[PDB]
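In the authors' numbering, the protein residues as written are 47 to 91, 1002 to 1007, 1009 to 1169.
Report on the structure given below.
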Ligand SMILES: N=C(N)N[C@H]1CC[C@H](CNC(=O)[C@H](CCCCN)NC(=O)[C@H](CCCCN)NC(=O)Cc2ccc(Cl)c(Cl)c2)CC1
Ligand SMILES: [Cl-]
Ligand code: NI
């Protein structure tokens, strides 16, 4: 009795893999996050929820990495990905635009989200306090739709904004890979994949999307 267009599927553990393929490249670029949630280059070509005695069970919330699923006219597809950590579900905002989510017997409703920062979480406040150390290599737990989950490793570059510096990864995945977690050597999630810029030489770069 707990049904939505969208649901999530636990698909992998949150881990640092050692046999992980090295890749990407470390760029510095000057950017600015507008109030829509789009990063812009130098000359380019949020609210809480009230969420009371609900008519359905609460969702699953087992820790781990997840696929976000939904169906279109031609049947199912992966809308995005996310991480379940300390009982909350974390993803980019553009993945579900706040849509409710089925997880097992129950259902997860959004808690907090910011359109500007493109972040969203379900069933409690943002749990991911860990954050890029500024200099070490990271791993993306790439939850590409249709593919097996793999870790890829990259040395992040940086987005140079007026608000300050942010790590950025030069990795290019399909739109359903948004909300894939990025971990550090200790297996902490230091951010999420999927909001970034397309460079003028054509390369896509994602910010390590994260809190504050
Ligand atoms: N573009 C390449 N080469 N690769 C993938 C593109 C889709 C993206 C998923 N992210 C996204 O769709 C987010 C949505 C941001 C909304 C903010 N709240 N877009 C982005 O991170 C960038 C930056 C926006 C333009 C610069 N001002 N947009 C894009 O990359 C545009 C785009 C190109 C192709 C597709 Cl299929 C799609 Cl769906 C979108 C993963 C990388
Ligand atoms: Cl785990
Ligand atoms: Ni060091």
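Cβ atoms here follow ideal geometry from the backbone N, Cα and C, with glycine treated the same way.
According to DSSP, which residues form a beta bridge with residue i?
| i | result |
| --- | --- |
| residue 58 | 1022 |
| residue 73 | Partner(s): none; residue 73 has no beta bridge. |
| residue 1056 | According to DSSP, which records beta bridges pairwise, residue 1056 is partnered with nothing at all. |
| residue 1122 | 1117 |
| residue 1027 | 52 and 1034 |
Is residue i a contact residue of ligand 2, with contact defined as CB to any heavy atom under 8 Å?
| i | result |
| --- | --- |
| residue 59 | yes |
| residue 1020 | yes |
Would you call the CB atoms of residue i and residue j closer than 9 Å?
| i | j | result |
| --- | --- | --- |
| residue 1058 | residue 1065 | yes |
| residue 1013 | residue 48 | yes |
| residue 1120 | residue 79 | yes |
| residue 1002 | residue 1072 | yes |
| residue 1038 | residue 1133 | yes |
| residue 1099 | residue 1130 | yes |
| residue 1008 | residue 1108 | Between 1007 and 1009 the numbering of the chain has a gap, and residue 1008 falls inside it, with no coordinates. |
| residue 1144 | residue 60 | yes |
Spatial neighbours of residue i within its chain, please: CB distance less than 8 Å, with the 5 preceding and 5 following residues excluded, ordered by chain position.
| i | result |
| --- | --- |
| residue 1078 | 1045, 1046, 1047, 1048, 1067, 1068, 1069, 1070 and 1084 |
| residue 1026 | 52, 53, 54, 55, 1033, 1034, 1035 and 1036 |
So is residue i buried or exposed if we call it buried at 16+ other beta carbons inside 10 Å?
| i | result |
| --- | --- |
| residue 1097 | buried |
| residue 1007 | exposed |
| residue 86 | exposed |
| residue 1138 | buried |
| residue 74 | exposed |
| residue 69 | exposed |
| residue 1041 | buried |
| residue 1031 | exposed |
| residue 1075 | buried |
Hey, is residue i close to ligand 3, as in C-beta under 8 Å from one of its heavy atoms?
| i | result |
| --- | --- |
| residue 89 | no |
| residue 1141 | no |
| residue 1092 | yes |
Closer than 6 Å by C-beta to residue i: which residues in its own chain qualify, once you throw out the five before and the five after it? Chain order, please.
| i | result |
| --- | --- |
| residue 1089 | 1124, 1147 and 1165 |
| residue 1142 | 62 |
Leaving out the 5 sequence neighbours to the left and right, which residues in its chain are closer than 7 Å to residue i when beta-carbon positions are compared?
| i | result |
| --- | --- |
| residue 57 | 1022, 1023, 1024, 1100 and 1106 |
Could you check if residue i belongs to the surroundings of ligand 1, using beta carbon to heavy atom distance under 8 Å?
| i | result |
| --- | --- |
| residue 1069 | no |
| residue 1035 | no |
| residue 1053 | no |
| residue 1118 | no |
| residue 86 | yes |
| residue 81 | no |
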